[PDB]
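> Handing you a structure now.
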Amino acid sequence: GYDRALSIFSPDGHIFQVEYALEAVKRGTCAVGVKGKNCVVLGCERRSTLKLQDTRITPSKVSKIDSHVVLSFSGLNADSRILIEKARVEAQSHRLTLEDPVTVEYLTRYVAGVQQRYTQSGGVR
Amino acid sequence: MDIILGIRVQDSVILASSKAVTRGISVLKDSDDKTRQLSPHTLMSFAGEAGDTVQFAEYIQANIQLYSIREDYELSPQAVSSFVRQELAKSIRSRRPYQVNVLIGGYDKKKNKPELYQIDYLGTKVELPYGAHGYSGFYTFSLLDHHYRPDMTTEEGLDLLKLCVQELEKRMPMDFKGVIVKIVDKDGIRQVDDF
Amino acid sequence: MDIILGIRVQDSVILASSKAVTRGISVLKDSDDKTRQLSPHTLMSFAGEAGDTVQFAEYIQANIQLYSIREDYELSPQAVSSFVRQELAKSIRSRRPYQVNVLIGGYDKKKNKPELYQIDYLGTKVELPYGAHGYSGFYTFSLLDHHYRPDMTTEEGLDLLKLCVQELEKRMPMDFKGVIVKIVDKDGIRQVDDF
Amino acid sequence: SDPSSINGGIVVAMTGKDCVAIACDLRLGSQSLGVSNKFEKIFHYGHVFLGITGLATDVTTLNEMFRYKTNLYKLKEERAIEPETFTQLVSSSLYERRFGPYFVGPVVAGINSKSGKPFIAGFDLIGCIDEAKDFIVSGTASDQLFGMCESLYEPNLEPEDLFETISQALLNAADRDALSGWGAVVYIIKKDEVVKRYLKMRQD
Amino acid sequence: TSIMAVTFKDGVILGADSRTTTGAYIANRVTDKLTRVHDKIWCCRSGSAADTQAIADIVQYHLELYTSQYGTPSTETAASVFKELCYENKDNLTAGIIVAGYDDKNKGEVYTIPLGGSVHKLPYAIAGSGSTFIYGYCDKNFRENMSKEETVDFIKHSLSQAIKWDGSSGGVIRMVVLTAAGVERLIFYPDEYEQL
Amino acid sequence: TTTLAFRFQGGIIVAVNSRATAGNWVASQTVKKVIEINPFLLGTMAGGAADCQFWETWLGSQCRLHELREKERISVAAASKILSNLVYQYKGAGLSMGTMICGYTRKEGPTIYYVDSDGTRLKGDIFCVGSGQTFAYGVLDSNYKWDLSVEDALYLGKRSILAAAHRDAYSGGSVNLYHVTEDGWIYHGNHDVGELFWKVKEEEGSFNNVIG
Amino acid sequence: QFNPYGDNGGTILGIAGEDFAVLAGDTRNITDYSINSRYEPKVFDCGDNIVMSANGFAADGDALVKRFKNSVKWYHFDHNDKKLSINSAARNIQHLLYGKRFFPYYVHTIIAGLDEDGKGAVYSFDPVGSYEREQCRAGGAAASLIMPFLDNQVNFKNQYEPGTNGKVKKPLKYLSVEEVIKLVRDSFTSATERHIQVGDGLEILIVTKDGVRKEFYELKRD
Amino acid sequence: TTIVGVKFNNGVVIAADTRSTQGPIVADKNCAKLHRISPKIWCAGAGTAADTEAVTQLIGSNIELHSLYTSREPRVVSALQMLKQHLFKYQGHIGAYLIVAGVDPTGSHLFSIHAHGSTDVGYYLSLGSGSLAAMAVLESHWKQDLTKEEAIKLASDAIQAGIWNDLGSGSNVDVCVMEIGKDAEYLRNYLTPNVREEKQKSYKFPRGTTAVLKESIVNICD
Amino acid sequence: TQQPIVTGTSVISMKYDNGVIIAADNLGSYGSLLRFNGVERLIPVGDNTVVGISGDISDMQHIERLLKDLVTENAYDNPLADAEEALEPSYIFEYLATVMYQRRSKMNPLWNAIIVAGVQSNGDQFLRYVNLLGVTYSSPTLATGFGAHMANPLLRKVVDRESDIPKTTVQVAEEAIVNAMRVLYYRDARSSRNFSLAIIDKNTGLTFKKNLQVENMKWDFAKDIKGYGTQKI
Ligand SMILES: *[C@@](C)(CO)[C@](*)(O)[C@H](CC(C)C)NC(=O)[C@H](Cc1ccccc1)NC(=O)[C@H](CC(C)C)NC(=O)[C@H](CCc1ccccc1)NC(=O)CN1CCOCC1
Ligand SMILES: *[C@@](C)(CO)[C@](*)(O)[C@H](CC(C)C)NC(=O)[C@H](Cc1ccccc1)NC(=O)[C@H](CC(C)C)NC(=O)[C@H](CCc1ccccc1)NC(=O)CN1CCOCC1
Ligand SMILES: *[C@@](C)(CO)[C@](*)(O)[C@H](CC(C)C)NC(=O)[C@H](Cc1ccccc1)NC(=O)[C@H](CC(C)C)NC(=O)[C@H](CCc1ccccc1)NC(=O)CN1CCOCC1
Ligand SMILES: [Cl-]
Ligand SMILES: [Mg+2]
Ligand SMILES: [Mg+2]
Ligand SMILES: [Mg+2]
Ligand SMILES: [Mg+2]
C-alpha cells in the first residue's frame, strides 16, 4: 500500500498540507449558517460563470444526512461527497445500535473525526 | 414467530402477523409486532429462527433508509423485494444463514398499485394476491382460493382476513395470541388497533 | 391429551381435563372427555400416548365394574388406586408399556372423605390435596401452593380451579380448548356444564 | 432417563449402643418438579425396618412384596423374621431379577430379638449385601452422606446422641442435593421401643 | 496364539506356544493349548479360550460316549464332531481348531477347522495369529514322511519364528507326539528356541 | 435459577434466587444473580454462570464508556442492545444466557428488556427467566396488578421466587430483592428461604402441602 | 479419537478465618486406577500473599497457575510494584479462564489470601470463570463428601440452639487457625477413607499478614 | 479388587483384599471376598460383587447336594466344572472372576475362572484390578517347593502390592489356608495395615441441636 | 488427531542415593507384529541427562532431533556451554513439557510418554514424567505403560518414599530395575528380551549400557502344567 506521510510538520510547527487544504476551502463558494430561535437556515452561494446548467439534477449544495440533520460545505466538491456518504452511513448505524437518531453534535464529532484521521494517516491527503 | 399472512386487494396490501413469542413451555409475550417499516409505503413482516428475524429485518430497514436519504427518493416495492431476495440468496450459502421468511407489502406510487411479495429464507421470491409462511398456508390458501376476489375493498379484505384468523384459531394446535393487522396503501402505513 | 388437573377439597374431589385432541397441525376435536367412571363414587381422568389412554382407562373400568357385580359392593378409592397402580407397575416392564398418566378422584363412603390419587405411567402413586400431570403442574402447583386451603368448599375449589385454567390459558403454548370439570362427592359424580 | 435419579431421595442407617437408627427424606419428584413431601421411604415388617431409595414405583412394589413374603414367613415359622434372615431374603429377591432389576438402594435396620445385637445392612440394585458395623447410606446424595457419616460418626452412641448424629448427617447431605429433602423422618430403635421423629429442614 | 500339527512317518505331532492374552497383557504364560479329546486324538486350540474349552469338553464327552457304544472312533469322526459344533454355532463362536490323531490303519492324520466351521484334511496345518509369519517358512521346509526328530525340529523352528514376530505368541513350545508307541509330551524353553 | 422482574405503578421490582447447580450437585446457595451495572441499571443472570457474569460485567464497561463519550447515561434500550448484538455474534457457539436488563431513564421511564443467548430481545412489563420460571409466573400472574403498592410489589416478587424455590429442585438458597425508581435502584436485602419459607407459611397460611 | 482431557484426581479445600485463610489439598496424583505420584503439590504460593490451586486436569491446572503467576509478575512491572489485591487477582483469573471459554481449562480453581481490610478471603472458580467469594469451599474429586461437612461445621448449617424449639440458629463466628486445621485434617481423612482418588499426603498453606506458612500431614496410602 | 492363589508343599493358599467400590466411592472397607464352596474348597472372587457371591453360593449348594448323593467329599474340579459351565452359558454377563482352590481325595488344586467361562491352572495366580501389581510380586518372589508359611507370606505380599498401588484395592488382607489332611483355616483380617487414625475432634452434638417437628411411638408388636 | 503406528512399550526408572537409573527395551512394535528389534529409546542429552521415550517411534525420532538441535543452539555464543551454562535435565524437561502441552492444545499431539532422568549441577537427582496430554509428575519411581502397573509396585518396595532414597544403593537399584524388566518380559505382550539401561551418577557420571538381556528366568514349572482343569495327561 501507499504509505507516504503527506501531512507532516514543518520547522515553524505548521502542517502545510492541512493549511493548503484550508486554501481550497477559501477558494470554494461561500456558505453561511444562521440559527434563529426555533430554526436554523443554511445559505449557499452558487457561482454564475456557469450558465446552461441543469438545476434539477445538479448536486445540491446542502445535503440531508438524516431526516433531521443537514450538511452544507465549502471547498472541493468531490471531497464533500465522501464525508457526506460516511456521515449518512454512521447516521443509520447509530439508529440501528442505539435505537435513536444521532444528535447534531455526535454527527459533527464523527465527521470531524474522519477529517482529522486524514491529517495523520499515511498515503492520504 | 409462527403466523404471518398477507392479502393484496384492489387499493391496498394487508399484513397480519401473530403476537405470540414462545420459548419452551412459556409464552413470553403476547403483543409482539413482527414487522418493520422499510419505507413510508413499504412494510415487511417476518417469521423464523429466534434472533435472526429481527436482526435481518432491521438490517434491511437500515439499508433501505440509507438509500432513501442518499437519493432523496423512495424505492419501489419491487426494487426493495429484489434487494431483500438477493440478501437472502447470499445468506443461504453463508457459514450461518439467516433462517427468516418474510412478506413484503408495499404500495407503488408510480404505478398506483398495491404489491405483495413472499420471500422464504432460501431467497425464493414470488408476487402473490395472498401469501403466508409456515403452517398457516396449509389452512389459509385453500380458504382464500375460495373466498378471495381481486377487486375487493380494504374492508372486504379485513373480513376475509378475519375468516382466516378464525380458522387458524380453530384448527391450529398452538395458541398464537391473535394478530396485529397493518394496512399499506397510497396514504402510507397504518395499524388496525381493534382486531 | 395434555392437561389434567385434580383438586381435593373438604367434601369433594374436582377433576378438570382439557377438551382438545390434537394430531399433527390439526385440532381434530375440542369436546373430548378424558375421563371414565370406574364406580358410582370413583372417577379416573387420564392423559398420555394416543390409543393407550382410552384402552387402559376402559380396561380398568371393566375390571372395577366386574368386581362391583361379583361382590355387590363398591371398592374404596384407595383400593381402586392400588389396583390401577399395580396394573401400571406390571405394564412398565412389559414388551410395550401403557404410556398413560392418571388421576383418580373418589369419595370414600365408609370414611366420608374425598380422596385424590396421582399415578404416572411408571406406577408411581401419591395421594395429594391437588395434583396434575404433564406440563400443567409447572404452573398450577405453585399457584395452588399459594391459594389452596384444606377446608375449602366445592364452590371455592371451582374458583381456585378457574384461576389455574386462566393461568394455563395465558402462559401455555398450545391451545387446549378449555376443560371439562367433574365433581366427585357423597352423592356420586356430576359434571359442571358451564365452565 | 436414569431410573435411580428421577424421583430422588435418601436413606441412612446407623448403629449405636444397644440401638439402631434409620432415617430418610420425604421428597418425591419428577426430575426438577417436586411432587410430594409426604413420601416416606422407610417401612417395617414386625421389628425389622427397611428403607428403600431409588425409583419410587419399585420402592412401593418392593414394600408390598416384602410385606407379602414376611407375612407368609410368620404364618409358617410362627415367629417374626429377624434382620439377618430378612437381609438374605432381600438379597435373594433382588438377584432373582438380575437381568431386569428393581432400581433401588435398600437398607435394612433392626435389632435381633434373640441376641439383642444391633444390625444394619445395605444392598445394590441386584442384591449384593453390604454389611456394616457403623453406617449404611443410600440415595442421590450418597456421596454427601458418606462424607457426613464418616466424619460425624463415632461408635457406641446412646439413642439420644445417635439421634442428633444421624439427623445432622441426613440434613446437611440433603441440603447439598437438589433431588433430596422436603422433610425428613428418623426412626430410633431400641430393643422394645421405637421412636419416630419428623425433622424440621429447609423446604427448597 | 501359534499352533501347528504335522504328520510324519511314525504318526503325527502337535505343537503350540503357551501364551494367553487379554489385550497386551499376558494372562497366562504357561498355557496348555494341546488338549486330549481321546487316547490318541488331540487338538490344538486357537481363538477364544472359553469357546475352545467348551467345545473340546463337549467333543471329549461325545467321543467317550461313542467309545462306550461303538469302540474307538476315527480321527475323521472326531474332526466331524468339532466341525458340527463349530459350524452350527458359527455366529457365537471364535474358535480355530486343529484336530490330530493316530489310527493304526490310517496312521497320522491332521484336520484343520477354521472360523467358518469348514473341515480341511492336510499333511500339516498351521493356525493362530502367529501362523501368518511362517506360511513361507513352513511351505519351503515341510516334507512328507519325515522322521520324528526332523518333525520336532520343523515344528520347533517354525513356532520359534512365529513367537519371534507375533506379540500374541510366546512362552514355551509344547509338543505332543502321537504314534503306535503311545503318547509323548515334549516341552522347549525360550533359552533353547529363541537362539535358533 | 429463577429470576423475575416486573413493571408497576411505583417503578420496577427485581427478584432472584441464589442457587448454582452442576447437574444435581448444589454448588452454591449464595450467588449474586443481579449485577449492578450503574445506579440506574440492573442485569439479571440465568443460564451459564460464567457467560452471564462475564458478559454483564463487560456490559457495564461498555455502558461506562458510553457516558464518558456522550456525557449522558445510556438508555436501557441501548444497553440491552449492546448485549443482544454481542451474544448474536456468538450465536451457535454455545453461550447460555437468559438475562433481563432493568432500569430507569428520563426519556424511557421504567423499562425492562429480556435478552437471551439465541439473540432474542424483548421489551415487556413482566418476565420470569430460569429453570423455575413457570412456578414464579404462576404466583406472579395470579396476584399481579398495576396498582400494587411498593410494599405489596416487593412481597409479590419475593413470594414468587419462594414459590419456585420450593417446587423447582434447581432453585433455592435465598431471595435478593431490588426496587428501581426514578431516583435509581434500591437494594431490599437478602432473604434466606430456610427461614422465609416457614415465616411465610405461618403468617400467610399457605403451603398446606408441606408437613407443618 | 484423541481426547485432550484427563482426570488426575485429587481434592482441595479452602477456608477463610478472621485474619487468616487456608488452602489445603492432597498430594496424590492419579490416572484411572494407577498412582502417578504420592507427593505432587498442587497448592502454590503465587506472590502478594495469594495462594492458588487448580484441581482437575493437572496439565490445565499447571498451565493456569503458571499464567497467573506470570500475570502477577507483569502487574508489578506495569503498575509500579503495586500489590495485587485478592479481589483483583480473582477478576484477572476470571479473564484467564473465560479466555478459553470454547476450549476450557478442566479445573476447579480456588485462591485464598487476605482482602484489603486484612480479613481472610477465599475465592472459587468454575472451569470457565464464574467466581464467588466464600468463607468455605471444597473442590475436586471428593468435594461432594467434604462440602456438606463444612456447611455443618464452619457455617453451622442445620444447627439450632438447644432448647429453643429450633427457633434460634447457632450463631455464626470466626474459627481459630487451630480449629480450622482440625476440620481440614478430619475432612481429608474422611475423604481418604471413602474416596479412592484421595490419600497419600495432605499439604496445607496458611496465609496471614506475616506471610505464607506450610504444614504437611500423612494420609493413608491405599 | 486384588485376589491371589498360591500353591505350596502340602496344600494351597488364597488371599484377597477387602475393598468394595461403587464408582470412585468405597462402599465397604471390610468386605469378605473369600467364599466357602465346601468345607475344604474355597473361592476368591473379583468383578461384579453380587455375581461372585450368587454363583459361588449356587455351586456351593449343588456341591453339597452332590456330596450327599455320592457319599464322597467334593472335588475342586467338580466346582470348577460346574462354575465354568454356568458362566459360559451366560456369555460373560455374569461378571464373576474367581480363583478356586481346595483340597480333596485327589490332592490340592488351584484354578482361576473368568466371566466368559475359561479356566486356567497354575502354581500362582492373580485376578482383579490389582492383579498386575500382585503378579509382579508373584513373578519376582515365587519359587517351587514353598512351605506353608512362605506361601502365606508371598500371598499376603501380593495382596499388599494391590492394596498400596491399585486404587481399586485397599484396607485389609484376608487369607484361607487349605492344607492336605487338615481342616481349612479361614484367617479373616489376617493383616490390618490400614487402620484409621484418631480424629482431631469429636463431632458429638449437644442434645437438642436438631430441630424437631413431631414425635410418636411406633408399634412393632402385634 | 493421530494414531500411533510403530510403538515402544514401557520405560522404567527410579532414584537412588547418588543418582537415577532408567531403562527401556529395544523394541519397535507394529501392532501385534514385533517389527523392529534394534531401536534405542534412551537418548542421552549431554553427560548428565537421559530422556527415555515410549509411544510412537516417528514422534520419538522427531524429539531426538529437537534435543540434538537444543544442544547445538545452547552452544551458540556460549563460552560456558560445557560448564556453568550447560544444559540441565530441568531445562530439557521443561522444554519438552512445553512442546507436549502446546501440541495437545493444537489437537495434534506427539503420541508419547517421556521420562527425563538426570542429575542437576548441584548434585540433585532429577526424575520427571510428561506425556502426550502435557501432564507432568515426579516421583521416586516413574514408569510408563505396563511398567506403571507392574514395575512401579516392585520399585516402590525399594523406594516407597523420599526418605528411602539415601538408603538405596546403585547396586540395589539396578537389581530392582533389571528384575522389573524381566517381569515385563513375562507379562507384557509387546516387550522384548533385549534392552538398554542408563545410570546417571553425580560422581561417576553417565554410564550407558547397551545390549542387555533378561536372564535367570523361571520356565521349568511349565512342564508340570497339563490341560486347563481335569486333564491328567
Ligand atoms: C492367540 C493369542 C491368538 O490367536 C491364541 O489364539 C490364544 C488361544 C489360547 C489361549 C486358547 N487366544 C487367547 O489367548 C484369547 C485371545 C482372544 C481374545 C479375545 C477374543 C478371542 C480371542 N484370549 C482370551 O480368550 C482371553 C482369556 C482370558 C484372559 C482368560 N479372554 C479375553 O480376552 C476376554 C475375551 C472375551 C471375548 C470377547 C469376544 C469374543 C470372545 C471372547 N476378554 C476379557 O476378559 C475382557 N477384555 C478386557 C479388555 O478389553 C477387551 C476384553
Ligand atoms: C439455576 C440455578 C440453574 O439453572 C440458574 O440457571 C443458574 C444461573 C446462575 C448460577 C448464574 N445456572 C446455573 O447454576 C448453571 C447451570 C448450568 C450448568 C452448566 C452449563 C450451563 C448451565 N451452572 C453453572 O453454570 C455452573 C456454575 C458453577 C456451579 C459455579 N458451572 C458449571 O456447571 C461448570 C461450567 C459449565 C460450563 C458451561 C459452558 C462450557 C463449559 C462448562 N461445569 C462444571 O463445574 C463441570 N463439573 C462440575 C462437577 O465438577 C466436575 C466438573
Ligand atoms: C475390585 C474392587 C474391583 O475390581 C473388586 O473386584 C471388587 C470385588 C468384590 C467386592 C466382589 N469389585 C467390586 O467392588 C465391584 C466393582 C464393580 C462395580 C461395578 C460393576 C462391576 C464391578 N463393585 C460392585 O459390584 C458394587 C458392589 C456394591 C457397592 C455393593 N456394585 C455396584 O457398584 C453396582 C453395580 C451393579 C451392576 C449391575 C449390572 C452389571 C454390573 C454391575 N452399581 C450400583 O449399584 C450403581 N448404582 C447405585 C445406585 O443404584 C443404581 C446403580
Ligand atoms: Cl486355554
Ligand atoms: Mg435440596
Ligand atoms: Mg512373542
Ligand atoms: Mg427447590
Ligand atoms: Mg483412598
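Lettering and numbering for the C-alpha cells are positional, with chains as A, B, ... in the shown order, residues counted from 1 in each chain, and ligands counted from 1 in the shown order.
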Leaving out residue 83 in chain H and any residue of its chain fewer than 2 positions from it, which residues lie within 8 Å of it when counting only C-alpha atoms, given as a PyMOL selection string?

chain H and resi 55-56+59+79-81+85-87+113+117

> Could you give me, as a short mmCIF file (atom, residue, chain, number, x, y, z; two decimals) with N, CA, C and O atoms, in the first residue's frame, the residues within 12 Å of range 63-77 of chain G, counting only C-alpha atoms and dropping anything in the same chain fewer than 6 positions from it?


```
data_model
loop_
_atom_site.label_atom_id
_atom_site.label_comp_id
_atom_site.auth_asym_id
_atom_site.auth_seq_id
_atom_site.Cartn_x
_atom_site.Cartn_y
_atom_site.Cartn_z
N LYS G 42 -0.03 -29.34 44.50
CA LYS G 42 -0.91 -28.59 43.61
C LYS G 42 -1.52 -27.36 44.28
O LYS G 42 -2.52 -26.81 43.81
N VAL G 43 -0.90 -26.93 45.38
CA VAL G 43 -1.25 -25.67 46.03
C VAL G 43 0.02 -24.83 46.03
O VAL G 43 1.05 -25.26 46.55
N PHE G 44 -0.07 -23.64 45.43
CA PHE G 44 1.11 -22.83 45.19
C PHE G 44 1.00 -21.43 45.76
O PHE G 44 -0.06 -20.82 45.76
N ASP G 45 2.14 -20.93 46.25
CA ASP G 45 2.29 -19.54 46.64
C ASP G 45 2.60 -18.77 45.36
O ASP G 45 3.61 -19.03 44.70
N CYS G 46 1.71 -17.84 45.00
CA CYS G 46 1.82 -17.11 43.74
C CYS G 46 2.36 -15.69 43.91
O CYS G 46 2.48 -14.95 42.94
N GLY G 47 2.70 -15.32 45.14
CA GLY G 47 3.18 -13.98 45.44
C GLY G 47 2.05 -13.08 45.89
O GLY G 47 0.87 -13.41 45.71
N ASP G 48 2.41 -11.95 46.49
CA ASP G 48 1.44 -10.97 47.03
C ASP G 48 0.44 -11.60 48.00
O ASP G 48 -0.72 -11.18 48.07
N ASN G 49 0.90 -12.60 48.75
CA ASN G 49 0.07 -13.29 49.73
C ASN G 49 -1.18 -13.92 49.14
O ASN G 49 -2.26 -13.92 49.75
N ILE G 50 -1.02 -14.48 47.94
CA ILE G 50 -2.09 -15.20 47.28
C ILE G 50 -1.62 -16.62 47.09
O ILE G 50 -0.54 -16.86 46.55
N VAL G 51 -2.44 -17.56 47.55
CA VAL G 51 -2.19 -18.97 47.31
C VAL G 51 -3.26 -19.47 46.36
O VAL G 51 -4.39 -18.98 46.37
N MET G 52 -2.90 -20.44 45.53
CA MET G 52 -3.76 -20.86 44.44
C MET G 52 -3.66 -22.35 44.20
O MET G 52 -2.60 -22.96 44.38
N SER G 53 -4.78 -22.94 43.79
CA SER G 53 -4.83 -24.33 43.40
C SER G 53 -5.87 -24.52 42.30
O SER G 53 -6.98 -24.01 42.39
N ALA G 54 -5.48 -25.24 41.25
CA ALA G 54 -6.36 -25.55 40.13
C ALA G 54 -6.45 -27.05 39.98
O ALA G 54 -5.62 -27.68 39.33
N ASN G 55 -7.47 -27.63 40.61
CA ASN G 55 -7.61 -29.08 40.66
C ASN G 55 -8.47 -29.63 39.54
O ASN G 55 -9.47 -29.03 39.15
N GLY G 56 -8.07 -30.79 39.03
CA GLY G 56 -8.82 -31.49 37.99
C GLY G 56 -7.87 -32.14 37.01
O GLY G 56 -7.23 -33.15 37.31
N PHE G 57 -7.77 -31.55 35.82
CA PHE G 57 -6.82 -31.97 34.82
C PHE G 57 -5.52 -31.21 35.08
O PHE G 57 -5.44 -30.00 34.86
N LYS G 83 0.81 -3.94 44.92
CA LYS G 83 0.41 -5.25 45.40
C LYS G 83 -0.92 -5.62 44.77
O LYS G 83 -1.87 -4.83 44.79
N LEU G 84 -0.99 -6.83 44.23
CA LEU G 84 -2.20 -7.33 43.62
C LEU G 84 -3.14 -7.82 44.71
O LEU G 84 -2.86 -8.82 45.38
N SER G 85 -4.24 -7.11 44.89
CA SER G 85 -5.24 -7.49 45.89
C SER G 85 -5.94 -8.77 45.46
O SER G 85 -6.03 -9.08 44.27
N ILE G 86 -6.44 -9.51 46.44
CA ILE G 86 -7.09 -10.80 46.20
C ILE G 86 -8.31 -10.68 45.28
O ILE G 86 -8.58 -11.59 44.49
N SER G 88 -8.66 -8.38 42.96
CA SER G 88 -8.13 -8.03 41.64
C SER G 88 -7.58 -9.28 40.96
O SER G 88 -7.68 -9.43 39.74
N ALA G 89 -6.99 -10.16 41.76
CA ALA G 89 -6.47 -11.43 41.27
C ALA G 89 -7.61 -12.31 40.78
O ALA G 89 -7.50 -12.97 39.75
N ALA G 90 -8.70 -12.30 41.54
CA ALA G 90 -9.86 -13.12 41.23
C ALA G 90 -10.43 -12.75 39.87
O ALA G 90 -10.71 -13.61 39.05
N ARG G 91 -10.60 -11.45 39.65
CA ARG G 91 -11.12 -10.94 38.39
C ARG G 91 -10.18 -11.24 37.24
O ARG G 91 -10.62 -11.56 36.13
N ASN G 92 -8.88 -11.14 37.50
CA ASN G 92 -7.87 -11.46 36.49
C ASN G 92 -7.94 -12.92 36.08
O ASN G 92 -7.81 -13.25 34.91
N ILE G 93 -8.15 -13.80 37.07
CA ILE G 93 -8.27 -15.23 36.82
C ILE G 93 -9.53 -15.56 36.03
O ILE G 93 -9.53 -16.47 35.20
N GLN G 94 -10.61 -14.81 36.27
CA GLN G 94 -11.84 -14.99 35.51
C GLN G 94 -11.57 -14.82 34.02
O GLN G 94 -12.04 -15.60 33.20
N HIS G 95 -10.80 -13.79 33.69
CA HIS G 95 -10.46 -13.49 32.30
C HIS G 95 -9.49 -14.50 31.70
O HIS G 95 -9.52 -14.73 30.49
N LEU G 96 -8.65 -15.10 32.54
CA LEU G 96 -7.76 -16.17 32.09
C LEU G 96 -8.59 -17.40 31.73
O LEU G 96 -8.37 -18.01 30.68
N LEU G 97 -9.53 -17.74 32.60
CA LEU G 97 -10.39 -18.89 32.39
C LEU G 97 -11.33 -18.67 31.22
O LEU G 97 -11.41 -19.51 30.32
N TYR G 98 -12.04 -17.54 31.22
CA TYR G 98 -13.03 -17.27 30.18
C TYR G 98 -12.39 -17.05 28.81
O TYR G 98 -13.03 -17.26 27.78
N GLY G 99 -11.12 -16.66 28.80
CA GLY G 99 -10.38 -16.52 27.54
C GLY G 99 -10.33 -17.82 26.76
O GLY G 99 -10.14 -17.81 25.54
N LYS G 100 -10.49 -18.94 27.46
CA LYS G 100 -10.58 -20.26 26.84
C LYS G 100 -11.97 -20.86 27.02
O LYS G 100 -12.12 -22.06 27.19
N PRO G 104 -12.02 -25.07 27.29
CA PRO G 104 -11.80 -24.74 28.70
C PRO G 104 -10.62 -25.41 29.37
O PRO G 104 -10.15 -26.46 28.92
N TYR G 105 -10.15 -24.79 30.44
CA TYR G 105 -9.26 -25.43 31.38
C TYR G 105 -10.15 -26.31 32.24
O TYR G 105 -11.04 -25.80 32.92
N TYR G 106 -9.95 -27.63 32.21
CA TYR G 106 -10.76 -28.54 33.03
C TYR G 106 -10.24 -28.56 34.45
O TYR G 106 -9.58 -29.50 34.88
N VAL G 107 -10.56 -27.49 35.19
CA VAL G 107 -10.12 -27.36 36.56
C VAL G 107 -11.12 -26.59 37.41
O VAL G 107 -11.83 -25.71 36.92
N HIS G 108 -11.16 -26.94 38.69
CA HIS G 108 -11.83 -26.15 39.70
C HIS G 108 -10.74 -25.37 40.39
O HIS G 108 -9.83 -25.95 40.99
N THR G 109 -10.83 -24.05 40.31
CA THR G 109 -9.79 -23.20 40.84
C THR G 109 -10.24 -22.56 42.14
O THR G 109 -11.40 -22.14 42.27
N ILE G 110 -9.33 -22.51 43.10
CA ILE G 110 -9.56 -21.83 44.35
C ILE G 110 -8.32 -21.02 44.69
O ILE G 110 -7.20 -21.51 44.56
N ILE G 111 -8.54 -19.78 45.09
CA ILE G 111 -7.46 -18.97 45.63
C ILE G 111 -7.83 -18.51 47.02
O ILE G 111 -9.01 -18.43 47.36
N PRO G 127 -14.78 -23.97 35.80
CA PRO G 127 -13.80 -24.12 34.72
C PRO G 127 -13.75 -22.98 33.70
O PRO G 127 -12.73 -22.80 33.04
N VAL G 128 -14.84 -22.21 33.59
CA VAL G 128 -14.91 -21.15 32.57
C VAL G 128 -14.93 -19.73 33.13
O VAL G 128 -15.08 -18.78 32.37
N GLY G 129 -14.78 -19.57 34.44
CA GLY G 129 -14.53 -18.25 35.01
C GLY G 129 -15.53 -17.65 35.97
O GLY G 129 -15.29 -16.55 36.48
N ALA I 97 8.13 -30.57 27.99
CA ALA I 97 6.81 -30.41 28.58
C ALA I 97 6.04 -29.24 27.97
O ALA I 97 4.81 -29.28 27.87
N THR I 98 6.76 -28.20 27.56
CA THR I 98 6.14 -27.06 26.90
C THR I 98 5.65 -27.48 25.52
O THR I 98 4.53 -27.13 25.11
N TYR I 101 2.57 -30.01 25.66
CA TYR I 101 1.31 -29.35 26.00
C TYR I 101 0.82 -28.42 24.89
O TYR I 101 -0.39 -28.27 24.71
N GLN I 102 1.74 -27.79 24.18
CA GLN I 102 1.39 -26.94 23.04
C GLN I 102 0.80 -27.78 21.91
O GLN I 102 -0.13 -27.35 21.23
N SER I 105 -2.66 -28.98 22.81
CA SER I 105 -3.55 -27.82 22.76
C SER I 105 -3.90 -27.46 21.31
O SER I 105 -4.88 -26.76 21.07
N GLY I 134 0.43 -33.46 28.01
CA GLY I 134 1.15 -32.38 28.68
C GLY I 134 1.15 -32.54 30.19
O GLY I 134 1.61 -31.66 30.91
N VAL I 135 0.64 -33.68 30.67
CA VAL I 135 0.57 -33.97 32.09
C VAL I 135 1.96 -34.28 32.61
O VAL I 135 2.67 -35.09 32.03
N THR I 136 2.33 -33.64 33.72
CA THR I 136 3.64 -33.85 34.32
C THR I 136 3.51 -34.28 35.76
O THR I 136 2.62 -33.81 36.48
#
```

> Name each residue within 9 Å of ligand 5, counting only C-alpha atoms and all ligand atoms, as a PyMOL selection string.

(chain D and resi 173-182+202-204) or (chain F and resi 26+169-170+172)

> Residues within 6 Å of ligand 2, counting only C-alpha atoms and all ligand atoms: report them as a PyMOL selection string.

(chain F and resi 1+19-22+27+33+45-49+130-131+170-171) or (chain G and resi 126-128+130)

> All residues within 7 Å of ligand 1 are required, counting only C-alpha atoms and all ligand atoms; please report them as a PyMOL selection string.

(chain E and resi 1-2+19-23+27+31+33+45-50+52+94+128-129+168-169) or (chain H and resi 114+116+118-119)

> Name each residue within 8 Å of ligand 8, counting only C-alpha atoms and all ligand atoms, as a ChimeraX atom specification.

/G:191-200,220-222 /H:167,170

> Need the shell around residue 184 in chain E: protein/DNA/RNA residues with any atom at most 10 Å away, counting only C-alpha atoms. Skip same-chain ones fewer than 4 positions apart. Format as a ChimeraX atom specification?

/E:13,175-179 /I:233

> Starting from chain H, keep only residues with some atom at most 6 Å from an atom of chain G, counting only C-alpha atoms, and report them as a ChimeraX atom specification.

/H:24-26,163-164,166-167,170,200,208-209,211
